[PDB]
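Undergrad: Next comes the structure file model37.cif, holding mmCIF, C-alpha atoms.
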```
data_entry
#
loop_
_atom_site.group_PDB
_atom_site.id
_atom_site.type_symbol
_atom_site.label_atom_id
_atom_site.label_comp_id
_atom_site.auth_asym_id
_atom_site.auth_seq_id
_atom_site.Cartn_x
_atom_site.Cartn_y
_atom_site.Cartn_z
ATOM 1 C CA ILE T 1211 0.000 0.000 0.000
ATOM 2 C CA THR T 1212 2.907 2.354 0.728
ATOM 3 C CA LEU T 1213 3.975 2.096 -2.945
ATOM 4 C CA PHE T 1214 0.550 3.138 -4.171
ATOM 5 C CA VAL T 1215 0.704 6.094 -1.700
ATOM 6 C CA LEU T 1216 4.205 7.163 -2.765
ATOM 7 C CA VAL T 1217 3.372 7.056 -6.475
ATOM 8 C CA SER T 1218 0.106 8.935 -5.935
ATOM 9 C CA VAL T 1219 1.852 11.624 -3.871
ATOM 10 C CA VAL T 1220 4.548 12.126 -6.506
ATOM 11 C CA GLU T 1221 1.992 12.260 -9.322
ATOM 12 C CA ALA T 1222 -0.220 14.671 -7.365
ATOM 13 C CA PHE T 1223 2.711 17.029 -6.848
ATOM 14 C CA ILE T 1224 3.523 16.766 -10.560
ATOM 15 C CA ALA T 1225 -0.119 17.547 -11.370
ATOM 16 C CA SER T 1226 0.392 20.673 -9.232
ATOM 17 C CA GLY T 1227 3.486 21.646 -11.226
ATOM 18 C CA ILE T 1228 5.729 21.082 -8.192
ATOM 19 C CA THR T 1229 8.571 18.863 -9.385
ATOM 20 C CA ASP T 1230 10.726 19.358 -6.295
ATOM 21 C CA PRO T 1231 8.792 19.337 -3.023
ATOM 22 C CA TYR T 1232 11.541 21.448 -1.426
ATOM 23 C CA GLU T 1233 10.324 24.348 -3.577
ATOM 24 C CA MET T 1234 7.448 24.675 -1.131
ATOM 25 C CA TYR T 1235 10.008 25.785 1.465
ATOM 26 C CA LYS T 1236 10.783 28.869 -0.625
ATOM 27 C CA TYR T 1237 7.359 30.149 0.451
ATOM 28 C CA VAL T 1238 6.459 28.474 3.723
ATOM 29 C CA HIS T 1239 8.241 27.261 6.828
ATOM 30 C CA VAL T 1240 8.968 23.550 7.177
ATOM 31 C CA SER T 1241 6.375 23.468 9.972
ATOM 32 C CA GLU T 1242 3.639 24.570 7.534
ATOM 33 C CA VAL T 1243 3.314 21.509 5.260
ATOM 34 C CA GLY T 1244 0.829 19.034 6.693
ATOM 35 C CA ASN T 1245 -0.168 15.481 5.841
ATOM 36 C CA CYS T 1246 -3.745 14.559 6.761
ATOM 37 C CA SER T 1247 -4.393 11.452 4.639
ATOM 38 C CA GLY T 1248 -5.253 8.019 5.990
ATOM 39 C CA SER T 1249 -6.649 4.546 5.323
ATOM 40 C CA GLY T 1250 -9.388 2.341 6.670
ATOM 41 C CA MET T 1251 -7.154 -0.668 7.492
ATOM 42 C CA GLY T 1252 -3.557 0.165 6.578
ATOM 43 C CA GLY T 1253 -0.859 -2.349 5.817
ATOM 44 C CA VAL T 1254 -2.955 -5.510 5.955
ATOM 45 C CA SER T 1255 -0.113 -7.477 4.348
ATOM 46 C CA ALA T 1256 2.107 -6.745 7.357
ATOM 47 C CA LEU T 1257 -0.828 -7.806 9.533
ATOM 48 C CA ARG T 1258 -0.815 -11.111 7.710
ATOM 49 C CA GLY T 1259 2.938 -11.314 8.204
ATOM 50 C CA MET T 1260 2.756 -10.888 11.967
ATOM 51 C CA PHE T 1261 -0.468 -12.848 12.626
ATOM 52 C CA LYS T 1262 -0.103 -15.872 10.305
ATOM 53 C CA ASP T 1263 3.362 -16.048 8.758
ATOM 54 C CA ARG T 1264 5.064 -15.690 12.178
ATOM 55 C CA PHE T 1265 2.737 -18.354 13.542
ATOM 56 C CA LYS T 1266 3.964 -20.729 10.815
ATOM 57 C CA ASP T 1267 7.559 -19.676 11.545
ATOM 58 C CA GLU T 1268 8.165 -18.330 8.065
ATOM 59 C CA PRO T 1269 10.768 -15.608 7.516
ATOM 60 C CA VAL T 1270 9.246 -12.236 8.406
ATOM 61 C CA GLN T 1271 11.232 -9.021 8.740
ATOM 62 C CA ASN T 1272 11.828 -8.071 12.363
ATOM 63 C CA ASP T 1273 10.164 -4.650 11.969
ATOM 64 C CA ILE T 1274 7.020 -5.879 10.201
ATOM 65 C CA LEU T 1275 4.934 -4.353 13.000
ATOM 66 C CA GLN T 1276 5.758 -0.766 12.024
ATOM 67 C CA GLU T 1277 4.864 -1.379 8.371
ATOM 68 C CA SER T 1278 1.316 -2.204 9.400
ATOM 69 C CA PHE T 1279 0.468 1.092 11.125
ATOM 70 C CA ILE T 1280 -2.000 3.301 9.276
ATOM 71 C CA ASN T 1281 0.261 6.346 9.811
ATOM 72 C CA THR T 1282 3.322 4.542 8.422
ATOM 73 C CA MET T 1283 2.391 5.483 4.846
ATOM 74 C CA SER T 1284 2.466 9.168 5.803
ATOM 75 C CA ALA T 1285 5.706 8.583 7.699
ATOM 76 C CA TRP T 1286 7.297 7.093 4.567
ATOM 77 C CA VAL T 1287 5.973 9.919 2.390
ATOM 78 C CA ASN T 1288 7.603 12.450 4.714
ATOM 79 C CA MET T 1289 10.809 10.418 5.052
ATOM 80 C CA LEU T 1290 11.313 10.009 1.289
ATOM 81 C CA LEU T 1291 9.845 13.131 -0.363
ATOM 82 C CA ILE T 1292 8.528 15.904 1.856
ATOM 83 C CA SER T 1293 10.838 16.214 4.893
ATOM 84 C CA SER T 1294 8.453 18.647 6.595
ATOM 85 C CA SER T 1295 7.911 19.113 10.321
ATOM 86 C CA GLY T 1296 4.300 20.201 9.893
ATOM 87 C CA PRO T 1297 1.098 18.702 11.276
ATOM 88 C CA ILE T 1298 0.442 14.998 10.737
ATOM 89 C CA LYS T 1299 -3.082 13.765 11.507
ATOM 90 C CA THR T 1300 -3.947 10.345 10.118
ATOM 91 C CA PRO T 1301 -7.714 9.714 9.904
ATOM 92 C CA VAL T 1302 -9.351 6.297 10.058
ATOM 93 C CA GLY T 1303 -12.866 6.393 8.654
ATOM 94 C CA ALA T 1304 -13.497 3.096 6.912
ATOM 95 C CA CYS T 1305 -15.020 3.999 3.525
ATOM 96 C CA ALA T 1306 -15.357 7.728 4.370
ATOM 97 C CA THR T 1307 -11.631 8.044 5.090
ATOM 98 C CA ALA O 1405 -4.072 26.419 25.940
ATOM 99 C CA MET O 1406 -2.147 24.706 23.141
ATOM 100 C CA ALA O 1407 -2.203 21.432 21.178
ATOM 101 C CA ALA O 1408 0.206 20.756 18.289
ATOM 102 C CA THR O 1409 1.629 17.950 16.160
ATOM 103 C CA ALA O 1410 4.771 17.797 14.039
ATOM 104 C CA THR O 1411 6.792 15.441 11.851
ATOM 105 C CA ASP O 1412 10.575 15.349 11.896
ATOM 106 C CA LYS O 1413 12.510 15.065 8.620
ATOM 107 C CA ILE O 1414 13.935 12.835 5.882
ATOM 108 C CA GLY O 1415 15.172 9.516 7.226
ATOM 109 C CA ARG O 1416 14.994 5.735 7.093
ATOM 110 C CA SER O 1417 14.106 4.646 10.656
ATOM 111 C CA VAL O 1418 10.354 4.730 11.298
ATOM 112 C CA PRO O 1419 10.518 4.362 15.126
ATOM 113 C CA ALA O 1420 13.268 6.969 15.564
ATOM 114 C CA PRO O 1421 12.103 9.926 17.709
ATOM 115 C CA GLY O 1422 12.875 13.409 16.363
ATOM 116 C CA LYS O 1423 12.964 17.084 17.279
ATOM 117 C CA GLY O 1424 10.197 18.299 14.964
ATOM 118 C CA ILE O 1425 7.922 19.301 17.852
ATOM 119 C CA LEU O 1426 10.524 21.962 18.691
ATOM 120 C CA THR O 1427 8.712 24.230 16.200
ATOM 121 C CA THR O 1428 6.130 25.185 18.848
ATOM 122 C CA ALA O 1429 8.849 27.500 20.223
ATOM 123 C CA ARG O 1430 9.853 29.050 16.884
ATOM 124 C CA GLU O 1431 10.445 32.790 17.318
ATOM 125 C CA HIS O 1432 12.361 35.400 15.326
ATOM 126 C CA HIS O 1433 14.753 37.336 17.528
ATOM 127 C CA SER O 1434 16.686 39.551 15.098
ATOM 128 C CA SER O 1435 15.473 42.676 16.916
ATOM 129 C CA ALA O 1439 9.237 44.531 23.201
ATOM 130 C CA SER O 1440 6.436 44.378 20.658
ATOM 131 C CA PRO O 1441 3.336 46.124 22.087
ATOM 132 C CA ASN O 1442 1.334 42.972 21.328
ATOM 133 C CA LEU O 1443 2.905 41.187 24.315
ATOM 134 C CA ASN O 1444 1.303 43.717 26.706
ATOM 135 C CA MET O 1445 -2.309 43.044 27.690
ATOM 136 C CA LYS O 1446 -2.928 46.666 28.655
ATOM 137 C CA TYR O 1447 -2.421 47.798 25.042
ATOM 138 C CA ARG O 1448 -4.587 44.985 23.712
ATOM 139 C CA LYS O 1449 -7.356 45.839 26.166
ATOM 140 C CA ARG O 1450 -7.159 49.496 25.113
ATOM 141 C CA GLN O 1451 -7.582 48.534 21.463
ATOM 142 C CA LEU O 1452 -10.487 46.301 22.496
ATOM 143 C CA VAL O 1453 -12.336 49.182 24.179
ATOM 144 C CA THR O 1454 -11.784 51.374 21.122
ATOM 145 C CA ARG O 1455 -13.208 48.751 18.775
ATOM 146 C CA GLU O 1456 -16.147 48.130 21.083
ATOM 147 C CA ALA O 1457 -16.996 51.841 20.971
ATOM 148 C CA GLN O 1458 -16.856 51.796 17.177
ATOM 149 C CA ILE O 1459 -19.060 48.689 17.235
ATOM 150 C CA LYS O 1460 -21.765 50.380 19.304
ATOM 151 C CA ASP O 1461 -21.685 53.322 16.887
ATOM 152 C CA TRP O 1462 -22.217 50.933 13.975
ATOM 153 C CA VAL O 1463 -25.042 49.276 15.917
ATOM 154 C CA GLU O 1464 -26.933 52.507 16.544
ATOM 155 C CA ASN O 1465 -26.534 53.708 12.948
ATOM 156 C CA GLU O 1466 -27.837 50.394 11.621
ATOM 157 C CA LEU O 1467 -30.722 50.395 14.103
ATOM 158 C CA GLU O 1468 -31.726 53.837 12.828
ATOM 159 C CA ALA O 1469 -31.561 52.548 9.248
ATOM 160 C CA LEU O 1470 -33.657 49.489 10.182
ATOM 161 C CA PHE O 1485 -40.294 42.183 10.251
ATOM 162 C CA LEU O 1486 -38.957 44.622 12.822
ATOM 163 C CA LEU O 1487 -38.358 41.768 15.290
ATOM 164 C CA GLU O 1488 -36.473 39.744 12.758
ATOM 165 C CA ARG O 1489 -34.325 42.706 11.927
ATOM 166 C CA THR O 1490 -33.515 43.824 15.458
ATOM 167 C CA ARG O 1491 -32.502 40.243 16.007
ATOM 168 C CA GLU O 1492 -30.243 40.429 12.980
ATOM 169 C CA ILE O 1493 -28.602 43.737 13.867
ATOM 170 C CA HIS O 1494 -27.836 42.756 17.444
ATOM 171 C CA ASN O 1495 -26.488 39.515 16.145
ATOM 172 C CA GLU O 1496 -24.085 41.291 13.767
ATOM 173 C CA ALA O 1497 -23.058 43.478 16.619
ATOM 174 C CA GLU O 1498 -22.195 40.405 18.623
ATOM 175 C CA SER O 1499 -20.394 38.992 15.638
ATOM 176 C CA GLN O 1500 -18.216 42.051 15.538
ATOM 177 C CA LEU O 1501 -17.525 42.092 19.265
ATOM 178 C CA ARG O 1502 -16.429 38.477 19.289
ATOM 179 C CA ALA O 1503 -14.187 39.100 16.313
ATOM 180 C CA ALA O 1504 -12.568 41.999 18.179
ATOM 181 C CA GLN O 1505 -12.212 39.837 21.282
ATOM 182 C CA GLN O 1506 -10.616 37.086 19.271
ATOM 183 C CA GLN O 1507 -8.184 39.489 17.607
ATOM 184 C CA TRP O 1508 -7.068 41.249 20.787
ATOM 185 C CA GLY O 1509 -7.259 38.512 23.431
ATOM 186 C CA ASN O 1510 -7.247 35.062 21.817
ATOM 187 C CA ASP O 1511 -4.975 35.069 18.743
ATOM 188 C CA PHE O 1512 -3.173 38.404 18.991
ATOM 189 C CA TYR O 1513 0.134 36.554 18.453
ATOM 190 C CA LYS O 1514 -0.935 34.276 15.639
ATOM 191 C CA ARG O 1515 0.334 36.721 13.049
ATOM 192 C CA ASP O 1516 3.407 37.855 15.013
ATOM 193 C CA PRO O 1517 6.624 36.026 14.013
ATOM 194 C CA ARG O 1518 8.225 37.408 17.183
ATOM 195 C CA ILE O 1519 5.885 35.434 19.424
ATOM 196 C CA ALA O 1520 6.152 31.660 19.572
ATOM 197 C CA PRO O 1521 2.936 29.656 19.711
ATOM 198 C CA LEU O 1522 3.958 28.372 23.168
ATOM 199 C CA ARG O 1523 4.685 31.839 24.531
ATOM 200 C CA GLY O 1524 1.490 33.223 23.054
ATOM 201 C CA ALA O 1525 -0.623 30.405 24.477
ATOM 202 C CA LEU O 1526 0.773 31.237 27.889
ATOM 203 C CA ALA O 1527 0.448 35.000 27.335
ATOM 204 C CA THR O 1528 -3.216 34.727 26.562
ATOM 205 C CA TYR O 1529 -3.695 34.637 30.351
ATOM 206 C CA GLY O 1530 -0.853 36.809 31.501
ATOM 207 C CA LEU O 1531 1.589 33.977 32.065
ATOM 208 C CA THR O 1532 5.277 33.994 31.165
ATOM 209 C CA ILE O 1533 7.497 31.092 30.166
ATOM 210 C CA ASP O 1534 8.593 30.810 33.780
ATOM 211 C CA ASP O 1535 5.007 29.977 34.763
ATOM 212 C CA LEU O 1536 5.315 26.548 33.056
ATOM 213 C CA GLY O 1537 6.237 24.551 36.133
ATOM 214 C CA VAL O 1538 5.741 20.933 35.219
ATOM 215 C CA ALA O 1539 6.672 19.001 32.086
ATOM 216 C CA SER O 1540 4.941 15.616 31.758
ATOM 217 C CA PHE O 1541 7.359 13.508 29.751
ATOM 218 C CA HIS O 1542 6.432 10.669 27.488
ATOM 219 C CA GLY O 1543 9.298 9.053 29.421
ATOM 220 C CA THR O 1544 9.098 5.615 27.993
ATOM 221 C CA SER O 1545 12.280 4.360 29.758
ATOM 222 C CA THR O 1546 14.104 3.938 26.407
ATOM 223 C CA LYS O 1547 17.533 5.335 25.794
ATOM 224 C CA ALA O 1548 16.763 7.430 22.752
ATOM 225 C CA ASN O 1549 13.370 8.678 23.765
ATOM 226 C CA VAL M 1453 -16.153 49.093 2.680
ATOM 227 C CA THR M 1454 -17.391 50.796 5.847
ATOM 228 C CA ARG M 1455 -15.138 48.712 8.062
ATOM 229 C CA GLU M 1456 -12.181 49.242 5.751
ATOM 230 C CA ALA M 1457 -12.650 53.007 6.072
ATOM 231 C CA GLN M 1458 -12.730 52.712 9.857
ATOM 232 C CA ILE M 1459 -9.597 50.553 9.651
ATOM 233 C CA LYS M 1460 -7.654 53.177 7.702
ATOM 234 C CA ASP M 1461 -8.712 55.778 10.274
ATOM 235 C CA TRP M 1462 -7.366 53.561 13.057
ATOM 236 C CA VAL M 1463 -4.164 53.078 11.055
ATOM 237 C CA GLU M 1464 -3.498 56.790 10.623
ATOM 238 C CA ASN M 1465 -4.248 57.584 14.274
ATOM 239 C CA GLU M 1466 -1.879 54.849 15.432
ATOM 240 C CA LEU M 1467 0.808 55.972 12.981
ATOM 241 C CA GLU M 1468 0.588 59.474 14.450
ATOM 242 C CA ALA M 1469 0.908 58.014 17.953
ATOM 243 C CA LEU M 1470 3.914 55.913 16.874
ATOM 244 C CA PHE M 1485 12.648 51.331 16.472
ATOM 245 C CA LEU M 1486 10.534 53.302 14.025
ATOM 246 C CA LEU M 1487 10.922 50.552 11.399
ATOM 247 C CA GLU M 1488 9.867 47.873 13.800
ATOM 248 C CA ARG M 1489 6.844 49.871 14.770
ATOM 249 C CA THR M 1490 5.666 50.835 11.297
ATOM 250 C CA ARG M 1491 5.934 47.159 10.545
ATOM 251 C CA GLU M 1492 3.776 46.397 13.556
ATOM 252 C CA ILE M 1493 1.095 48.988 12.835
ATOM 253 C CA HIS M 1494 0.675 47.999 9.203
ATOM 254 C CA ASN M 1495 0.529 44.427 10.311
ATOM 255 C CA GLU M 1496 -2.312 45.142 12.760
ATOM 256 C CA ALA M 1497 -4.052 46.999 10.021
ATOM 257 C CA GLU M 1498 -3.833 43.929 7.844
ATOM 258 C CA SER M 1499 -5.014 41.826 10.732
ATOM 259 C CA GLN M 1500 -8.105 43.945 10.977
ATOM 260 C CA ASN J 1695 11.711 5.644 -15.042
ATOM 261 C CA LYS J 1696 12.616 8.469 -12.656
ATOM 262 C CA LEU J 1697 9.324 10.193 -11.874
ATOM 263 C CA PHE J 1698 9.877 9.334 -8.201
ATOM 264 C CA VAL J 1699 13.225 10.497 -6.900
ATOM 265 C CA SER J 1700 13.972 9.919 -3.246
ATOM 266 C CA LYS J 1701 15.571 12.528 -1.028
ATOM 267 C CA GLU J 1702 18.883 11.495 0.519
ATOM 268 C CA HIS J 1703 19.188 14.525 2.817
ATOM 269 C CA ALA J 1704 16.859 17.036 4.366
ATOM 270 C CA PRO J 1705 17.066 20.649 3.162
ATOM 271 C CA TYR J 1706 19.005 21.467 6.306
ATOM 272 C CA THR J 1707 22.043 19.849 7.842
ATOM 273 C CA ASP J 1708 21.959 18.233 11.275
ATOM 274 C CA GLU J 1709 23.974 21.142 12.672
ATOM 275 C CA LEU J 1710 21.416 23.623 11.283
ATOM 276 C CA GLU J 1711 18.280 21.599 12.083
ATOM 277 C CA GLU J 1712 17.228 23.208 15.369
ATOM 278 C CA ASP J 1713 17.930 26.690 14.007
ATOM 279 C CA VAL J 1714 15.599 26.031 11.070
ATOM 280 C CA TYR J 1715 12.970 24.636 13.446
ATOM 281 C CA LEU J 1716 13.178 27.695 15.718
ATOM 282 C CA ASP J 1717 13.156 30.346 12.944
ATOM 283 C CA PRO J 1718 9.661 30.775 11.439
ATOM 284 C CA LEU J 1719 10.993 33.013 8.650
ATOM 285 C CA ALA J 1720 13.682 30.645 7.498
ATOM 286 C CA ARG J 1721 13.462 29.704 3.771
ATOM 287 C CA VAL J 1722 15.474 27.586 1.345
ATOM 288 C CA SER J 1723 17.446 29.086 -1.527
ATOM 289 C CA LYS J 1724 19.178 27.562 -4.529
ATOM 290 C CA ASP J 1725 22.641 26.407 -3.491
ATOM 291 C CA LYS J 1727 27.313 24.760 -6.064
ATOM 292 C CA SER J 1728 25.083 21.704 -5.698
ATOM 293 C CA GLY J 1729 22.125 23.432 -7.359
ATOM 294 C CA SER J 1730 19.545 22.040 -4.917
ATOM 295 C CA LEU J 1731 17.339 23.824 -2.401
ATOM 296 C CA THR J 1732 18.825 24.071 1.065
ATOM 297 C CA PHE J 1733 18.869 26.297 4.069
ATOM 298 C CA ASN J 1734 21.788 28.674 4.400
ATOM 299 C CA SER J 1735 23.061 29.879 7.768
ATOM 300 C CA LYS J 1736 23.026 33.474 6.501
ATOM 301 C CA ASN J 1737 19.252 33.246 6.086
ATOM 302 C CA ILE J 1738 18.409 32.020 9.603
ATOM 303 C CA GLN J 1739 17.547 34.444 12.420
ATOM 304 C CA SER J 1740 18.669 37.309 10.175
ATOM 305 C CA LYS J 1741 17.308 40.848 10.070
ATOM 306 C CA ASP J 1742 16.714 40.730 6.305
#
```
What is this file in structure tokens?

TA:
Amino acid sequence: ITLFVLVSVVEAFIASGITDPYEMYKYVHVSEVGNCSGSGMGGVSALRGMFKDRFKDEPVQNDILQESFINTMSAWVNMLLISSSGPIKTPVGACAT
Amino acid sequence: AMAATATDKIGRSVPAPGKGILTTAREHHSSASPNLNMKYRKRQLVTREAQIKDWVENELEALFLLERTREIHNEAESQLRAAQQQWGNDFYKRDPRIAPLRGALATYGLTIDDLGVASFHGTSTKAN
Amino acid sequence: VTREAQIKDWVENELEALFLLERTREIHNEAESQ
Amino acid sequence: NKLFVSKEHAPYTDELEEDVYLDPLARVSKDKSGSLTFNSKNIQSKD
């Protein structure tokens, strides 16, 4: 799911004509770029990894737990593209997310 | 008085704690702005309130009648609350020389030294 | 328009009452705030 | 195949990080490298 989020974020910035997200910091402070997107269930594949694959003793990465969190997609977006210190509020609203 | 959230920066460790929440204390110090004195803000508030009552009486003279008195007094209240907000609630929101933390404390005449207790997340981990 | 007129009146009174750079900055900023 | 390009570094260095966080008027400028970064001359400055 994080790959879908990363590609969509990059393409949405391109659709806004912003090819380098750091260009936003020529107008605003780093604390003024927020991320308020979320999911209904998050990384369900990592949930499978920790709830079934670990039960069957199959190789699962030791930090699979963090990849399941619904705010981990926003964390990865910020850690790979945005690098802002602005608000982060991850909603969980099922189909109205 | 305040409630804020912040992300940190580019990186590769998801569970790593960061300093991004430090931005609640951001404050430009290149160069005592009157804004940080409640006496001046209260003075401005009285002035605006006087102007508001003048507007109210003019509009009452210009002014079914029940509905409209309701409306005019309501706009008067709308203007008084806006003035109150500007001069007492978010006077520092537009000032880059006042940090959000300082301004949240100053809304009630408190300084930074009046923050006596810090509740720490204190998770008993070496980095946190 | 009426409130904008009152705002400019406040601005000119406060400019008359009004380091100088800092303060002009401040007054125009309060004007904008209003 | 380079629509997504990951950032290796933040726009500030680790020595300049807290200064950027504590200066609301701090902004990036084009840098030599040609990328957008924060410069110490533009942090907590009167300009």

Undergrad: Applied to the shown file, which residues does the PyMOL selection byres ((chain J and resi 1727-1731) around 9) return, written as number ranges by chain?

TA: T: 1230, 1232-1233, 1235-1236; J: 1705, 1722-1725, 1732-1733

Undergrad: Please dump the current selection as a CSV table (one decimal), keeping the file's coordinate frame; keep C-alpha atoms.

TA:
```csv
chain,number,residue,atom,x,y,z
T,1230,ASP,CA,10.7,19.4,-6.3
T,1232,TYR,CA,11.5,21.4,-1.4
T,1233,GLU,CA,10.3,24.3,-3.6
T,1235,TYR,CA,10.0,25.8,1.5
T,1236,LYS,CA,10.8,28.9,-0.6
J,1705,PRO,CA,17.1,20.6,3.2
J,1722,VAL,CA,15.5,27.6,1.3
J,1723,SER,CA,17.4,29.1,-1.5
J,1724,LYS,CA,19.2,27.6,-4.5
J,1725,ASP,CA,22.6,26.4,-3.5
J,1732,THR,CA,18.8,24.1,1.1
J,1733,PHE,CA,18.9,26.3,4.1
```

Undergrad: Kindly give the distance, in Å, that separates CA of residue 1244 (chain T) and CA of residue 1737 (chain J), rounded to a single decimal.

TA: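 Separating CA of residue 1244 (chain T) from CA of residue 1737 (chain J) is a distance of 23.3 Å.
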
Undergrad: When you count all atoms listed in the file, which of these residues is closest to residue 1277 (chain T): T:1213, T:1305, T:1228, T:1243?

TA: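 Smallest distance to residue 1277 (chain T) is found for T:1213.
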
Undergrad: Considering only C-alpha atoms, state which residue in the set O:1494, O:1523, O:1518, O:1448 is at the smallest distance from chain J.

TA: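 Closest residue, counting only C-alpha atoms: O:1518.
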
Undergrad: To one decimal in Å, tell me the separation between CA of residue 1444 (chain O) and CA of residue 1485 (chain M).

TA: 17.1 Å

Undergrad: Just give me the gap between CA of residue 1294 (chain T) and CA of residue 1245 (chain T) in Å, one decimal is fine.

TA: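 Between these atoms lies a distance of 9.2 Å.
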
Undergrad: Set the cut-off to 8 Å and count all atoms listed in the file: what are the residues of chain O that reach chain T? Output as a VMD selection string.

TA: chain O and resid 1408 to 1416 1418 to 1419 1424 to 1425 1427

Undergrad: Generate the output file for the selected residues, C-alpha atoms, as a short mmCIF file (atom, residue, chain, number, x, y, z; two decimals), in the frame of the given file.

TA:
```
data_model
loop_
_atom_site.label_atom_id
_atom_site.label_comp_id
_atom_site.auth_asym_id
_atom_site.auth_seq_id
_atom_site.Cartn_x
_atom_site.Cartn_y
_atom_site.Cartn_z
CA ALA O 1408 0.21 20.76 18.29
CA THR O 1409 1.63 17.95 16.16
CA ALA O 1410 4.77 17.80 14.04
CA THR O 1411 6.79 15.44 11.85
CA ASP O 1412 10.58 15.35 11.90
CA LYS O 1413 12.51 15.06 8.62
CA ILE O 1414 13.94 12.84 5.88
CA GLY O 1415 15.17 9.52 7.23
CA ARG O 1416 14.99 5.74 7.09
CA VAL O 1418 10.35 4.73 11.30
CA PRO O 1419 10.52 4.36 15.13
CA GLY O 1424 10.20 18.30 14.96
CA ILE O 1425 7.92 19.30 17.85
CA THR O 1427 8.71 24.23 16.20
#
```

Undergrad: Go through the shown structure with the PyMOL selection byres ((chain O and resi 1458-1466) around 8) and write out the matching residues as a PyMOL selection string.

TA: chain O and resi 1454-1457+1467-1470+1493-1494+1497+1500-1501

Undergrad: For this file, the PyMOL selection byres ((chain T and resi 1252-1267) around 12) selects which residues, as an mmCIF file with C-alpha atoms, in the coordinates of the input?

TA:
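Produced file selection00.cif, reproduced below:
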```cif
data_model
loop_
_atom_site.group_PDB
_atom_site.id
_atom_site.type_symbol
_atom_site.label_atom_id
_atom_site.label_comp_id
_atom_site.auth_asym_id
_atom_site.auth_seq_id
_atom_site.Cartn_x
_atom_site.Cartn_y
_atom_site.Cartn_z
ATOM 1 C CA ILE T 1211 0.000 0.000 0.000
ATOM 2 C CA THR T 1212 2.907 2.354 0.728
ATOM 3 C CA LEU T 1213 3.975 2.096 -2.945
ATOM 4 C CA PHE T 1214 0.550 3.138 -4.171
ATOM 5 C CA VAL T 1215 0.704 6.094 -1.700
ATOM 6 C CA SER T 1247 -4.393 11.452 4.639
ATOM 7 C CA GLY T 1248 -5.253 8.019 5.990
ATOM 8 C CA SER T 1249 -6.649 4.546 5.323
ATOM 9 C CA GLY T 1250 -9.388 2.341 6.670
ATOM 10 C CA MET T 1251 -7.154 -0.668 7.492
ATOM 11 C CA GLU T 1268 8.165 -18.330 8.065
ATOM 12 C CA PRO T 1269 10.768 -15.608 7.516
ATOM 13 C CA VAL T 1270 9.246 -12.236 8.406
ATOM 14 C CA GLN T 1271 11.232 -9.021 8.740
ATOM 15 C CA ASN T 1272 11.828 -8.071 12.363
ATOM 16 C CA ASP T 1273 10.164 -4.650 11.969
ATOM 17 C CA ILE T 1274 7.020 -5.879 10.201
ATOM 18 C CA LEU T 1275 4.934 -4.353 13.000
ATOM 19 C CA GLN T 1276 5.758 -0.766 12.024
ATOM 20 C CA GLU T 1277 4.864 -1.379 8.371
ATOM 21 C CA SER T 1278 1.316 -2.204 9.400
ATOM 22 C CA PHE T 1279 0.468 1.092 11.125
ATOM 23 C CA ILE T 1280 -2.000 3.301 9.276
ATOM 24 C CA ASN T 1281 0.261 6.346 9.811
ATOM 25 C CA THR T 1282 3.322 4.542 8.422
ATOM 26 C CA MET T 1283 2.391 5.483 4.846
ATOM 27 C CA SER T 1284 2.466 9.168 5.803
ATOM 28 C CA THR T 1300 -3.947 10.345 10.118
ATOM 29 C CA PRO T 1301 -7.714 9.714 9.904
ATOM 30 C CA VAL T 1302 -9.351 6.297 10.058
ATOM 31 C CA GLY T 1303 -12.866 6.393 8.654
ATOM 32 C CA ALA T 1304 -13.497 3.096 6.912
ATOM 33 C CA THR T 1307 -11.631 8.044 5.090
#
```

Undergrad: So that I can see what lies close to residue 1464 (chain M), please list as a PDB file with C-alpha atoms, in the frame of the given file the residues with an atom at most 10 Å from it, counting all atoms listed in the file and leaving out residues fewer than 6 positions away in the same chain.

TA:
```pdb
ATOM      1  CA  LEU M1470       3.914  55.913  16.874  1.00  0.00           C
ATOM      2  CA  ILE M1493       1.095  48.988  12.835  1.00  0.00           C
ATOM      3  CA  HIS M1494       0.675  47.999   9.203  1.00  0.00           C
ATOM      4  CA  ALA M1497      -4.052  46.999  10.021  1.00  0.00           C
TER       5      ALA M1497
END
```

Undergrad: Got a sec to pull out which chain J residues are within 12 Å of chain T, counting all atoms listed in the file, and send them as a tab-separated table (two decimals) with C-alpha atoms, keeping the file's coordinate frame?

TA:
```
chain	number	residue	atom	x	y	z
J	1696	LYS	CA	12.62	8.47	-12.66
J	1697	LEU	CA	9.32	10.19	-11.87
J	1698	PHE	CA	9.88	9.33	-8.20
J	1699	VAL	CA	13.22	10.50	-6.90
J	1700	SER	CA	13.97	9.92	-3.25
J	1701	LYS	CA	15.57	12.53	-1.03
J	1702	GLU	CA	18.88	11.50	0.52
J	1703	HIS	CA	19.19	14.52	2.82
J	1704	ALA	CA	16.86	17.04	4.37
J	1705	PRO	CA	17.07	20.65	3.16
J	1706	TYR	CA	19.00	21.47	6.31
J	1711	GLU	CA	18.28	21.60	12.08
J	1712	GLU	CA	17.23	23.21	15.37
J	1713	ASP	CA	17.93	26.69	14.01
J	1714	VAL	CA	15.60	26.03	11.07
J	1715	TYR	CA	12.97	24.64	13.45
J	1716	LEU	CA	13.18	27.70	15.72
J	1717	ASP	CA	13.16	30.35	12.94
J	1718	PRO	CA	9.66	30.78	11.44
J	1719	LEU	CA	10.99	33.01	8.65
J	1720	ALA	CA	13.68	30.64	7.50
J	1721	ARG	CA	13.46	29.70	3.77
J	1722	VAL	CA	15.47	27.59	1.34
J	1723	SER	CA	17.45	29.09	-1.53
J	1724	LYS	CA	19.18	27.56	-4.53
J	1730	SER	CA	19.55	22.04	-4.92
J	1731	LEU	CA	17.34	23.82	-2.40
J	1732	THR	CA	18.82	24.07	1.06
J	1733	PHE	CA	18.87	26.30	4.07
J	1737	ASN	CA	19.25	33.25	6.09
J	1738	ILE	CA	18.41	32.02	9.60
```
